[PDB]
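Q: The structure is given below, and queries will be raised subsequently.
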Amino acid sequence: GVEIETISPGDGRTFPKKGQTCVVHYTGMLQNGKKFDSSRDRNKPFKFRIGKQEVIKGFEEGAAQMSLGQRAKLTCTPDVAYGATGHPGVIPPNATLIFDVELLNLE
């Protein structure tokens, strides 16, 4: 259940495909909670490829549904990322996550 609310500007045509490594200025937010992760702090903007199940399922399906320059707003369900387990100390079990995602990439 990946729900998209895109802040408009970008190109809307450069869609992510397989074998493509892309760059995201993501920002983690817990729903009704504080931050937990920010690529903008470390300023190394998280180069990663598509398809090898590196990222969670909610971020992976939200990645391909974007384009270059766009700014989305993810809402990840618990069953796709951690909701049975929860990442220990950082993500509680049965959690719903909020992501500010901007795709500024190559390939």
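Every chain in the structure tokens takes a letter, A first, then B, and so on in the order presented; its residues are numbered from 1, and the ligands are numbered from 1 following the presented order.
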Tell me, as an MDAnalysis selection string, which residues lie within 7 Å of stretch 98-103 of chain A, counting only C-alpha atoms; anything in the same chain fewer than 4 positions away does not count.

A: chainID A and resid 23:31 67:76

Q: Name the residues of stretch 33-66 of chain A that come out as helix (DSSP H, G or I) in a backbone DSSP run; write them as an MDAnalysis selection string.

A: chainID A and resid 39:42 57:64

Q: Need the shell around residue A:14: protein/DNA/RNA residues with any atom at most 12 Å away, counting only C-alpha atoms. Skip same-chain ones fewer than 3 positions apart. Format as a compact mmCIF listing (two decimals) with C-alpha atoms, in the first residue's frame?

A:
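So the final result, stored in result_39.txt, reads:
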# COMPACT_ATOMS: atom_id res chain seq x y z
CA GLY A 10 10.53 17.69 -12.31
CA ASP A 11 10.14 16.07 -15.72
CA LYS A 17 14.19 0.89 -14.76
CA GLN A 20 19.88 1.62 -13.00
CA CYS A 22 19.97 6.23 -8.64
CA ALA A 63 11.21 4.50 -6.20
CA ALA A 64 10.04 3.30 -9.62
CA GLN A 65 6.83 5.38 -9.41
CA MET A 66 8.81 8.65 -9.54
CA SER A 67 10.88 10.58 -12.07
CA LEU A 68 13.79 13.01 -12.22
CA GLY A 69 13.44 16.18 -10.16
CA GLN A 70 10.20 15.06 -8.50
CA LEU A 103 15.12 11.80 -6.91
CA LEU A 104 18.19 13.63 -8.25
CA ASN A 105 19.99 10.84 -10.04
CA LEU A 106 21.79 9.31 -13.00
CA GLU A 107 20.87 6.32 -15.22

Q: Have a look at atom CA of residue A:12 and atom CA of residue A:62 and let me know their distance in Å, one decimal.

A: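 Between these atoms lies a distance of 14.2 Å.
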
Q: Need the shell around stretch 86-90 of chain A: protein/DNA/RNA residues with any atom at most 12 Å away, counting only C-alpha atoms. Skip same-chain ones fewer than 6 positions apart. Format as an NGL selection string?

A: :A and (28-30 or 33-37 or 56 or 78-80 or 96-97)

Q: Could the residues in this selection be saved with C-alpha atoms as a PDB file, in the first residue's frame?

A:
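Output file selection03.pdb follows:
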ATOM      1  CA  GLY A  28      12.948   9.517   7.411  1.00  0.00           C
ATOM      2  CA  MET A  29       9.972  10.422   9.576  1.00  0.00           C
ATOM      3  CA  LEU A  30       7.932   8.347  11.991  1.00  0.00           C
ATOM      4  CA  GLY A  33       6.807  10.742  15.870  1.00  0.00           C
ATOM      5  CA  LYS A  34      10.150  12.386  15.336  1.00  0.00           C
ATOM      6  CA  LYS A  35      12.841  11.870  12.714  1.00  0.00           C
ATOM      7  CA  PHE A  36      14.995   8.772  12.571  1.00  0.00           C
ATOM      8  CA  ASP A  37      17.100   9.122   9.412  1.00  0.00           C
ATOM      9  CA  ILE A  56      12.733  -2.110   1.872  1.00  0.00           C
ATOM     10  CA  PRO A  78       4.010  -2.101   8.234  1.00  0.00           C
ATOM     11  CA  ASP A  79       3.844  -5.380   6.288  1.00  0.00           C
ATOM     12  CA  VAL A  80       6.303  -4.238   3.596  1.00  0.00           C
ATOM     13  CA  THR A  96       4.007   3.257   9.637  1.00  0.00           C
ATOM     14  CA  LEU A  97       6.754   5.340   8.067  1.00  0.00           C
TER      15      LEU A  97
END

Q: When you count only C-alpha atoms, which of these residues is closest to residue A:60: A:42, A:13, A:92, A:48?

A: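 Looking only at the distances to residue A:60, the closest residue turns out to be A:48.
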
Q: From a DSSP calculation on the backbone, collect every residue of chain A in strand (DSSP E) and output the set as a PyMOL selection string.

A: chain A and resi 21-23+27-30+35-38+47-49+71-76+97-102

Q: Of the candidates A:95, A:50, A:2, A:7, which one gets nearest to residue A:19 if we count only C-alpha atoms?

A: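 Checking each of A:95, A:50, A:2, A:7 against residue A:19, counting only C-alpha atoms, the winner is A:50.
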